[PDB]
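Okay, so here's just one chain, in C-alpha cells, the form deposited in one PDB entry.
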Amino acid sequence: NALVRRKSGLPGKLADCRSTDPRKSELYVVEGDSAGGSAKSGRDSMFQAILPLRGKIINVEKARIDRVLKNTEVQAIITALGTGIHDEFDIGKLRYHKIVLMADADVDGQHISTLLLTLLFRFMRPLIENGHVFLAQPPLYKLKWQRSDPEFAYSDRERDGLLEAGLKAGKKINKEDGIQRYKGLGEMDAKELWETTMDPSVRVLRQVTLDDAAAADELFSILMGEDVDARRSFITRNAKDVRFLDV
C-alpha cells in the first residue's frame, strides 16, 4: 500500500511528507498558523507532514452534519487523513499511521484536543481503536545554562529537578535570560519544536486508547453535547477531584 503525496487534490494548508508509505508516515495536526509554520520547518519532511488548524474546531457533537462537512478545517482533516467518515470509513486508505495532535500546553490547547478527539471518535472511530491517534506533549520550560547545552522541561516538577541537578553539578544560569517559559507552540522556533515534539528519538507522545466504547460515548455526549444542564452538573461534580484521577 502506497499513496501519492502532493508536490506542485489535497488541502492547501497541508505540508505533506515525501514518503509514500503510510506505515512510515506521520501527520502532525497543529494548533495555529505560527506553530504549523515552525513545524513545517523543523520537521523531517521525509516522514512527517503538517496540517495547521486555525481557530477552535467545530463541535461535531452539537452542530448538524451538513454544517460540519462545510467547515473548512474539518474538510482539511478528513481529506488529509484520506479515510472517509462514518459508514464510508475505510482504514485501508489511511494516508498516515500516526496522527499526532499537537496543541498548546495552555488551557485552550486542551479544549482543541477535546474537539479533535470528538471529531475522530464520532466520524473516524477506528483510528482511535487501532492506536493511530497520539497526543504530543509540548515543553513548558527551556533552561539556558551559561556553558552547557540547554535543557527542556515538560512540567514544573521537571523544571525544579533539572534546575537542582544542574546547579548541584556546578552549572550556572543567568537570572535574567534564565528559564524561558513557553506559553504556546507559536512561541517556539523550528529547532525547538524538533528537539521536543517532532524528533522521534526524544518526543513525548501519548497514544489515545479506547477501553469502554459505551462509557466513552456517554462522556462525549455529556461534555460535548447540546445538554447544558448535564454538562454543568458533571463539571461541578467531578472538577473537585480532577487532581486525583491518577493518584
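Residue indices: 1-based, along the sequence shown. Definition used throughout: the rigid core is the maximal C-alpha set that superposes within 1.5 Å between two forms.
Problem - Continuity check for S8 and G9, given as deposited residues lacking coordinates between them - result: In the record, 4 to 9 residues between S8 and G9 lack coordinates.
Problem - Greater mean Cα temperature factor according to the PDB record, 165-173 or 79-87 - result: It is 79-87.
Handout entry: Between 204-212 and 184-192 (mean CA B-factor, as deposited), the higher
Key = Between 204-212 and 184-192, it is 204-212.
Exercise for the section: Go through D44, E61, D33, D66 one by one and give the residue whose Cα B-factor in the PDB entry is largest. Expected result: Of the options given, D66 has the highest CA B-factor in the PDB entry.
Exercise for the section: Would you mind checking where the Cα B-factor of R159 ranks among the modelled residues of its chain, as the lowest, middle or highest third? Expected result: Lowest third.
Exercise for the section: Using the B-factor values recorded in the entry, state whether the Cα atom of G92 falls in the lowest, middle or highest third among the modelled residues of its chain. Expected result: Highest third.
Exercise for the section: Consider only the C-alpha atoms of the modelled residues in this chain, order them by B-factor as the entry records it, and name the third containing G37: lowest, middle or highest. Expected result: Bottom third by C-alpha B-factor.
Exercise for the section: Sort the modelled residues of this chain by their C-alpha B factor and say whether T72 lands in the lowest, middle or highest third. Expected result: Middle third - that is where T72 ends up once the chain's C-alpha B-factors are sorted.
Exercise for the section: Relative to the other modelled residues of the same chain, rank the CA B-factor of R147 and answer lowest, middle or highest third. Expected result: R147: CA B-factor falls in the highest third of its chain.
The form deposited in another entry exists for this protein as well; it is not shown, and the discussion that follows is about that form.
Handout entry: C-alpha displacement of 2 Å or more between the shown form and the other one on the rigid core, among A105, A136, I173, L127
Key = Between the two forms, the residue that moves is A105.
Exercise for the section: State yes or no: after fitting on the rigid core, is the Cα displacement of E73 between the shown form and the other one at least 2 Å? Expected result: Where the cores coincide, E73 still shows a C-alpha shift between the shown form and the other one that is 2 Å or more.
Practice task
Please say whether, between the shown form and the other one, the C-alpha of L210 moves by 2 Å or more once the core is aligned.
Solution key: Comparing forms between the shown form and the other one, the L210 CA shifts at least 2 Å.
Handout entry: Direction of C-alpha distance change in the other entry, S155 to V107 (at least 3 Å)
Key = The answer is farther, because the C-alphas of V107 and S155 separate from each other in the other entry by 3 Å or more.
Exercise for the section: Look at the CA atoms of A213 and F134: state whether they lie closer or farther apart in the other entry than in this form, given a difference of 3 Å or more. Expected result: Closer in the other entry, by 3 Å or more.
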